[PDB]
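Below is one structure, written out as structure tokens; comments come after it.
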Amino acid sequence: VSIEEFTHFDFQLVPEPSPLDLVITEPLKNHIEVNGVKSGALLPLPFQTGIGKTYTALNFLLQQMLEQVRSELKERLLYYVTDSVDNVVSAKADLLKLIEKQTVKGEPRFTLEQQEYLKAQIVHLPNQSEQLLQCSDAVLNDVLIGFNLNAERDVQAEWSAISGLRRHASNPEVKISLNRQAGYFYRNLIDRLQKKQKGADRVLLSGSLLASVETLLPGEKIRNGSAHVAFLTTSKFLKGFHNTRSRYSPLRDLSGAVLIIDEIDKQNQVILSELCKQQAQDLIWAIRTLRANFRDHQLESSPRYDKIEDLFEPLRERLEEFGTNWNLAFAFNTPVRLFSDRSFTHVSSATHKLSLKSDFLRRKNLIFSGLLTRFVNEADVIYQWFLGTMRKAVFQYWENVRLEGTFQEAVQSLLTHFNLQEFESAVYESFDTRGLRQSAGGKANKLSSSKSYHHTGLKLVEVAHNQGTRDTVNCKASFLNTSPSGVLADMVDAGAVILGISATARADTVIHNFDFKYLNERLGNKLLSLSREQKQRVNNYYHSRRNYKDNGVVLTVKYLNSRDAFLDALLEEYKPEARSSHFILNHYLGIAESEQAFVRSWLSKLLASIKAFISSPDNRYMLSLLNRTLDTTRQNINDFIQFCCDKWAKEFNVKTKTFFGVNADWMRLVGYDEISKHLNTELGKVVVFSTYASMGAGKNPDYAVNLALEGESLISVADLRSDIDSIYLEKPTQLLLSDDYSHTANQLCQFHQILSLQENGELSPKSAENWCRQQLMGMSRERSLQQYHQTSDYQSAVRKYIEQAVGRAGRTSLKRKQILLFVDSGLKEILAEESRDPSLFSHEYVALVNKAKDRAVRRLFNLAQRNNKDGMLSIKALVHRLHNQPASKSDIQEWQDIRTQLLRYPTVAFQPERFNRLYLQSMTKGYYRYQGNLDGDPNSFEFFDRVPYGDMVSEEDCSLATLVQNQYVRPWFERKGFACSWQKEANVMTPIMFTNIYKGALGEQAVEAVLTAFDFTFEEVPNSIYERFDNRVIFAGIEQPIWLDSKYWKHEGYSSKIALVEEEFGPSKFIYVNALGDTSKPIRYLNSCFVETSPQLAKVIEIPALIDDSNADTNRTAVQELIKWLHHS
Amino acid sequence: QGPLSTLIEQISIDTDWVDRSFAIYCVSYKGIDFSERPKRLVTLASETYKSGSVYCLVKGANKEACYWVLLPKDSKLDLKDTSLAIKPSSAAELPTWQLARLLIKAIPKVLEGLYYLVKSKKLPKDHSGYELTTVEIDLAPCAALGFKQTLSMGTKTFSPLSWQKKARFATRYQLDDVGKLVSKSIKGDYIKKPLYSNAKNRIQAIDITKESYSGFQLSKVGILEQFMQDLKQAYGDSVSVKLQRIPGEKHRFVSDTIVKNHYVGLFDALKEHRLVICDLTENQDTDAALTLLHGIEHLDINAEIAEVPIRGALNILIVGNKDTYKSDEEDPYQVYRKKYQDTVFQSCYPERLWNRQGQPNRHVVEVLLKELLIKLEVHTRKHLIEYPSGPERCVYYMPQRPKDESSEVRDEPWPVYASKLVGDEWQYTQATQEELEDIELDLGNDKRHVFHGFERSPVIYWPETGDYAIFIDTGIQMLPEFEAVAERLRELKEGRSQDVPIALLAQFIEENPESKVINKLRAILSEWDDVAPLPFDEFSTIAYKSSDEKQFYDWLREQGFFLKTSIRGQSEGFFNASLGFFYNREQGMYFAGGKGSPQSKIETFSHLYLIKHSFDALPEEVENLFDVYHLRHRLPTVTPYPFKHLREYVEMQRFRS
DNA sequence: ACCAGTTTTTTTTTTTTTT
DNA sequence: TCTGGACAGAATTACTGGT
DNA sequence: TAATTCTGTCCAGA
Ligand SMILES: [Mg+2]
């Protein structure tokens, strides 16, 4: 068993590729040609289940293994990930079968030695409890003796107890207790082994000890190069797995890894559940500890920590500044709930904006009706800033030492050096997921960056009196730093090649699937897609495998309405010696009045479906998919359903067997094989009552065919097993994700869903903010569902569920000559809206859509409102910060970047990566109408056709054409690259950018050009008074400072500005000038007030119009007057 | 004949048939003192029920402390206690209604009393059984109408015995295997008690939600029809009860238009005054005040929020719930009332401003505004909107209950307040003792209604003639034409049970191409199997509203498919007994119901009110006192508006005492 | 205007890992 | 074990379209 | 201290 076994192997000899194999392979070749090797990519693969999807995935995996072997001979980690453990085990077993049984041209592809070598390269990584319980007592004894750990009495005693329990733990409760004990024992034992291996007593592993350890720790085989293929669940993949040295997190090491994800769309929910688990942190304590410990511990002059202290110096500065400004030394005293998406959404449970004041004599900070929101927002930014710095520091610590054991070593060393051990967990769970962030410089929450919720997350803060000491409060904050789509995008950016294999992998729903609009914008060419030709090839393959029409298989779809009289007659026959069907339903079926109407409707639909099924002569196997389990808790309804089934069986003379509690637990304990056995051995029909959740991926409803019982109804539909031939589809319900790990986890899940809908454009910012507010105050599940049902994302999710069900019901090639699909009439409207390309739809889904017989327009309005609101609030905050001194260094650059972007690209062809919030998709190409008070509520804006007579954003409304026509400003614009005209593209700047920034920037640039044409020159305003005045004017012969301000219509604070400028910079002259206007009105002079005076007594000179808009002539007389007034002193 | 009511016109019992079928006994204690006989009646009945095959027993006249006992024809009463006087009796010796009650109690066995199960609720976890909600049928004398008889249909609940000592020692009721009836049993593991005194179980008076006969059967009136069937089943024609119809003279109806005009007139009068909103709660949820203001805003009334009451303005004081306070000193409402003793203002709790769904409740706001207007009219002692002329020269009086809660308050004299209309101004005063003595003398036998018991009713008095008028709730319930409604519902039930062949729909489309129902029928058929007849549920979207739809449904009826019909049209008049305001001058009875069309689910019966007076013929102006649609919010009232104003005045004077 | 059929939010089951 | 009379609790204070 | 009207428990009393 060695690589030498393949020396004579022919790596060019392969099985005849199927169309699916080509569809997988050739996009990857194209990607490598386009993006090059080690790029990373996401390749959704809408393969229908049952038709060779698992075989093709495993064949691709095996081909990658063979490529690895070939490279090893001539001179990469492979992951198979899915949500379910049993699916992982089945996939691994199928890969082993494929290795053992694959044949090419009539002979086994791999020799027994090659088969053994390949099977040795594959690893399965279950949870720790199962990993321990799978190990034989011999392996554990060998491991304990080899590490001389058996001398430790606690370990030996616990292992003996586990071994004793394992031999007879058949009782489910005893089994659960054994699982918990085994998990804890595995944790302790691996901790001890890692500690022993880290020290100078490192045990040399070889022979039997090495094999035993590898059996106990497959991650050890991964680590030491013995294996490179891992089969594990998504939960284990996110959690990481242990080796002899430390815990290994695949996320931190995805460079070059190939990652096959089965049921890709389902992994969104799993990743969200993992993200929502992270603990709530008390921000006040966190910042207090950070500031105190950064003051306490200062430096160390050692080579290892080179380039580290400079990373934290800004954090030290801002920690001290924040502590001084908010007086963190004082105790905080007066629950209040604050929610924020960190960008444009800020909701609070309090009706009155709470504020913070400091009482020095009391030595306390008092919260009463400095805003509280600003305090927590600043603290959160610092807290995230600290964690982000740790990530950078840990990386740098490696480069100094030179990423898994060294990573934890670096974290521990840095925290000990700075004396911040209390944050070690926060840092670890931050680095695991958020530490994979490749868009670190891609978003600092700046407008100049690429802004999106999916790599911004959300924050939720609870303010309440501290337990044990009510004199103080604690600000417990829980947050998300990314969404599942953000995690996937970071995985692809790290270099992973991801194969998302799932029918409906592009379901077009951000709740039940990754946001593929965001993924497209974020990845570009890295998000691979199947061309029309490849999709046609896949469709042809599917039709060849499922040739319904040529074989005469008829799909009969029947939409069913509530049948009250039919149910009434059935109820009156059940308990015939009764009076009222309402009483029978209430008393005997045990249905309360609050649910009587709903139960009547869905029970009547189900019973109509069953009656139609039993009436049909040939059909034998029916599956009923409800939203609820008809288990013992509903035995009263099961009795009535059984009565109806017996009635109809006697009426139509056909035996019928009902399976009611078909459920995950029932599938585990009784097994779905009972239904298959009954169908294979017993004559008659079968009705199976299950749910969409119970019939999840991997549950195979096939049954072995016995032609004696099938009559002549079966027909082979391919160019011995059969599947469901009748199905009832209840409308999927409860389509909003929920988390039961904890209350805060559920809150994070709900807010993530709301913000994802707002980001996708499915909710207007007004509706999104209202929903966030209602959620914060504690709205009911039913009201959340009502809010969700208004979006088209809900309909997309419902269609996804229906498609998944019908696809999962069609796993064989033997079909009955008629297939009965019964559908709740509530699905008719939803399915009639299906408008996607039907090339990859299954026959059942196509029939469903035909029998029924997310608007980009809606998204455009919502996204225009969202971008305008984000721009408005971001610019307001940025200007407010610019009116503060210390933050000027970065905010000035942000301001200049925004202005330069708008001047240079007023309109762009493609959705920008950066500055994406500066623009909206106009729907009118280069212009658009809008209404809204830019100084008022951003939620009130309306755009495009909704306001035909509203204000317009266009090249005409800014007078750029009249400005850059025959003047000195055109050379200025051409030299600096500014746009002399608006290209008529789809993306146009938002109203806020047009009105508050672009039009002022044009005036500033025009004034600068015109004045520089007359020997003037300018320098940047000092940070103390930045953005209060445009520029500082320098002219020969004048020593007094001169300030310029180009703003129209006073866009009384001018006197305050003048006083503030003069008190610092002494006496000065001020220039007020409008770039465009008319020369007809005289120049004016003023003295720190709107009242004018004589020229020499005035310090403020107003030039009403530097340029005549009628023909763009330069008002040279005004310039000469200005020069004379300057020289007069 | 007029609207139907629970008042019994006649009870027909064949006393000879009863004697041929049952044996009756009279029982009373012999020799025991009347002070101790109550102490042994605790056992008397149980001993009688332990004696043998006793069907049931019914109390006689209270003065006798006796019982009438019913046993089979061949059985004989045998009580081991010799201290009891026993006497075989003939059925003819009993009052007809008492024998009827005995027979009713015996229906469960022939086929404490007769209970029909209507609705059950499963108990919470850790418990088994049902909470049974039943309709009890029993006769009761009508004290207001000379001991005429009424047929009660009260709701009464049963719970498992398993779910105090008194609860353990109660009639161990039992439910039937069929579940049609609930009857007393020795070890029947059921007690006639709900979970709390709260969450009172109720049963709809009528229910025709979807013209569903089965849902109609589960209302009080459906149970009444079933009881009328069971009476004939048990006794055929030998026993029968006929419900009396109130003779109809005048039956005013009330459309939404009239009420809307009245309320726009009302709101306009309030637009001329200043309104203020206050909040005296500790944890001030100012959102309550904001919601109140916004609700008032939708009515276009100038309102504002102030931190304290303002004299001379219409102030609404949002105050904390009284249940959170242990004494009047802790209540801000009473504290401010004691201070602001000469200003009109209203109060309400913050929670009432939103409905169960959380939406703002506008009925609360409108009721607050109407109460403010009424209080302002009392304060200014002049009408601000048009009130129809009342009787001339009359004086209104209203006894007020003292604050004491002891049982002796039943007989204590009470303070009495009076109001009078002179010209246009309303005079309000506290009645002098001489006036009260004169009124008591004049009322004669009716004085007990005004000066005895806790139920002291206001009285209209005519000093110039001594005439009076008292408005008494008789307790009689007005019933719709439930026999006819039940017949129609059964006809619809039979018709809707048959699926309509597609042939008839095609024939209709052929025959009436101009009909606009065809646009719907073609779509329905295209979305249906050409081989299967259409069940009625497919046509449900085709409402019985337009003329063409009515013609289509009538045409289907001629084919034998009776699917939809008119039930609540005024021509039918089934629901007259629960609509508008009905009044009869000659006999002085009246009742009030709803406005507009009857809602499909009516939860209550309008009571019949009796005006007791001394006139040979009641003055016509008395009718005018009820044409007021804001005393009872947006509905006809059963109380004269002068009494509403006088009650408001009496309430205002509480803090001036 | 008036008079009589229509009418009312949503509607769970399931999973993995580490403690 | 009957029974009726207080005494708080519960529902109702529509909606909408066709004529 | 939403108001009115109807009504379900409940308890003492005859
Ligand atoms: Mg009041």
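Below, read A as the first sequence line, B as the second, and so on, with proteins coming before strands; counting in each chain starts at 1.
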### Query
When you measure from the centre of the six-membered ring of B:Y49, is the NZ or CZ of B:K184 under 6.0 Å away and within 45° of the axis?
yes

### Message
Applying a 4.0 Å non-hydrogen cut-off, can you work out what A:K266 is touching in the nucleic acid: base, sugar-phosphate, or nothing?
### Response
nothing

### Message
Which nucleotide wins on minimum distance to the side chain of B:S547, given the candidates D:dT19, D:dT13, D:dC2?
### Response
D:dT19

### Message
From C-beta outward on B:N361, which listed nucleotide comes closest to its side chain: E:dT1, C:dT13, D:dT13?
### Response
D:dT13

### Query
Between B:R632 and B:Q346, which is nearer to the 5' end of DNA chain E once each is assigned its nearest nucleotide?
B:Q346

### Query
Based on groove atoms of paired bases, is it major or minor where the side chain of B:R568 comes under 5.0 angstrom?
major

### Query
Under a 3.5 Å cut-off for both distances, is E:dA14 Watson-Crick or wobble paired, and to whom?
none

### Message
Is E:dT1 syn or anti, taking syn as a glycosidic angle within 90° of 0?
### Response
anti

#### Entry: Distance in angstrom units between A:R628 CZ and C:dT12 P, rounded
5 Å

### Message
Let's see if you can work this out: which of E:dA14, C:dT18, D:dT1 has an atom nearest to the side-chain heavy atoms of B:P38?
### Response
E:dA14

### Query
Within this structure, what is the CZ-to-P distance between B:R202 and D:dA8, rounded to whole angstrom?
17 Å

### Message
On DNA chain E, does the nearest nucleotide to B:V364 precede the nearest nucleotide to B:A592 from the 5' side, or the other way round? Give the residue.
### Response
B:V364

### Query
Where the side chain of B:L368 is concerned, which of E:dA2, E:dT1, D:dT3 is the nearest nucleotide?
E:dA2

### Message
Nearest whole Å is fine: how far is D:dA6 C1' from B:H452 NE2?
### Response
17 Å

### Query
When all nucleic acid strands are considered with a 4.0 Å heavy-atom cut-off, which category describes B:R654: base, sugar-phosphate, or nothing?
base

### Complementary nucleotide for D:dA10 - Watson-Crick or wobble, under 3.5 Å
E:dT5

### Query
What do you reckon, do A:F598 and the base of C:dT11 stack, with centroid distance below 5.5 Å and planes below 30°?
yes

### Query
Just wondering, are more than 12 heavy atoms of other shown residues or ligands nearer than 6.0 Å to NZ in A:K266?
no

### Message
How many whole angstroms separate atom CD of B:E366 from atom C1' of E:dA3?
### Response
13 Å

### Message
Can you measure A:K239 atom NZ to C:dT17 atom P for me and round it to whole angstrom units?
### Response
10 Å

#### Entry: Aromatic ring pairing A:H512/A:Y801, orientation class (parallel under 30°, perpendicular over 60°, tilted between)
perpendicular

#### Entry: Length of the NZ-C1' vector between B:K220 and E:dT7, whole Å
6 Å

### Whole-angstrom distance between C:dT7 and D:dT16, as gauged at atom P
11 Å

### Task
Name the closest nucleotide to the B:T157 side chain, picking from D:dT19, D:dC2, E:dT9.
E:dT9

#### Entry: 5′-ward residue of the pair B:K550/B:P598 relative to DNA chain D
B:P598

### Task
Check every strand shown and say whether B:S597 touches a base, only sugar-phosphate, or nothing at a heavy-atom separation below 4.0 Å.
base

#### Entry: No-H, no-angle donor-acceptor pair, B:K59 side chain to E:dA14 base, under 3.5 Å
yes

### Query
What nucleic acid atoms does B:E112 come within less than 4.0 Å of, heavy atoms only: base, sugar-phosphate, or nothing?
base

### Query
Ignoring hydrogens and angles, does a donor from either the side chain of B:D331 or the base of E:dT1 sit under 3.5 Å from an acceptor on the other?
yes

### Task
Measure from CD on B:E603 to P on E:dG8 and round the result to the nearest Å.
10 Å

### Near-parallel close stack of B:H363 and D:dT13 base (under 5.5 Å, under 30°)
yes

### Message
Under 3.5 Å, is there any donor-acceptor pair linking the side chain of A:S129 to the base of C:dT17?
### Response
no

### Query
Base, sugar-phosphate alone, or nothing: which one does B:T48 contact when heavy atoms must sit under 4.0 Å apart?
nothing

### Query
Atom CZ of A:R781 to atom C1' of C:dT12: distance rounded to whole Å?
8 Å

### Query
Does A:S738 get its side chain close enough to the base of C:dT12, under 3.5 Å, for a donor-acceptor pair?
yes

### Integer angstrom distance from the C1' of D:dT1 to that of E:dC11
14 Å

### Task
Rounded to whole angstrom, note down the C1' distance from C:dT13 over to D:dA10.
37 Å

### Counter-base of D:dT1, judged by Watson-Crick or G-U geometry with both distances under 3.5 Å
none

### Task
Look at all strands and tell whether B:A199 reaches a base, only sugar-phosphate, or nothing, counting heavy atoms closer than 4.0 Å.
sugar-phosphate

### Task
Assign A:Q786 to base, sugar-phosphate, or nothing according to its heavy-atom contacts below 4.0 angstrom with the strands shown.
sugar-phosphate

### Query
At under 4.0 Å between heavy atoms, what does B:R172 touch on the DNA or RNA strands: base, sugar-phosphate, or nothing?
nothing

### Task
Would you state whether a donor and an acceptor, one from the side chain of B:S197 and one from the base of D:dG9, lie under 3.5 Å apart?
no

### B:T209 backbone acceptor or donor facing B:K601 side chain under 3.5 Å
no

#### Entry: Trace of the salt bridge (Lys or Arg N to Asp or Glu O under 4.0 Å) decision for B:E651 with B:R647
CA-CA 6 Å; B:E651 193 285 339; B:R647 151 53 24 83; over 6 Å; no

### Whether C:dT11 stacks with C:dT12 under 5.5 Å centre spacing and 30° plane angle
no

### Query
Ring of B:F605 versus six-membered ring of E:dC6: centres under 5.5 Å and planes under 30°?
no

